[PDB]
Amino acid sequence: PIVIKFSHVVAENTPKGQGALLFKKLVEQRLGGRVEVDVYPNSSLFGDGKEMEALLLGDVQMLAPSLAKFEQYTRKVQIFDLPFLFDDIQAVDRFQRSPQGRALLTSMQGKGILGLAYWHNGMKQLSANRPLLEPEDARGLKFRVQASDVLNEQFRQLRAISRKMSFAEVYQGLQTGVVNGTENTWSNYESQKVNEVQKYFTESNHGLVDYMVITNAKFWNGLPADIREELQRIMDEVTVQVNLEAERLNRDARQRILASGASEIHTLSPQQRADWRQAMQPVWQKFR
């Protein structure tokens, strides 16, 4: 029995968490006794800082990191971090499914990493301990970010401080005050209870969190051909399900945040929307 350990950093009740479990279910139903999928959520096997090298070493067989986290291996997927480049997940999808988007799946092949699919999470929102109505409001704040040069620049542009931190550490980061704001999808915010330490959200939709499902090329290429081809067909099926439901899981998470009674969500006025775009679009200059 071939074992595929799939490690990720999110909660089970999320787009990625459910996708990893659906992959497990369909593989074990279609390849029972031949392939086993062992899913490790919430950084229970490896966290942000160590998963990629574990994949390269063969300690894990499948990951699905945020597109924001690949700079050490390629700078070709930085495009996905540019603020306001994609209006919505449908726009992201059009890029991902296009010839140019598909080619990025092989961007790390020379490093021994193979991209198998894109999975959606959703658009990013802003949070802080004070209201974020207009860009001036971010000045002097300390935002947690994924480990991305683009996202560092995004907050530098807003005259704020950014701090790269692993996803597992965000809650305590905000609780202790080493950071006091961040950006993320509704799903990630609610599932990790970060709304408990962030009173104010702004529905900015200013970026996204999406994933590239990846494996170790040596492992993937070493599989019997039938197993590899079948796994790829199953992955594509799972991807349709992940992507069909990611919008709903995020909307449900937003509802939970409102039902918590401890946070509020600001709807940007048209003028505020334009102001945030103007303040953030200059970061594209540095990543042509």
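For the two forms, the rigid core is made up of the largest set of C-alpha atoms that agree within 1.5 Å on superposition. A residue's number is simply how far along the shown sequence it sits, counting from 1.
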property	result
Larger mean CA deviation from the shown form in 4 other deposited structures of this protein [core fit; 35-43 vs 253-261]	253-261
Greater Cα displacement in 4 other deposited structures of this protein once the core is superposed, comparing 243-251 with 228-236	243-251
Average Cα temperature factor in the PDB entry - higher stretch of 26-34, 61-69	26-34
Per the entry, higher mean C-alpha B factor between 46-54 and 230-238	230-238
Candidate set 96, 157, 204, 148 [ranked by C-alpha B-factor, highest]	157
Residue 177 by Cα B-factor - lowest, middle or highest third of the modelled chain	middle
For residue 188, the third of its chain into which the C-alpha B factor falls	lowest
Assigned third (lowest, middle, highest) for the C-alpha B factor of residue 280	middle
B-factor third for the C-alpha atom of residue 121 within its chain	lowest
Within-chain third of residue 268 by Cα B-factor, per the entry	middle
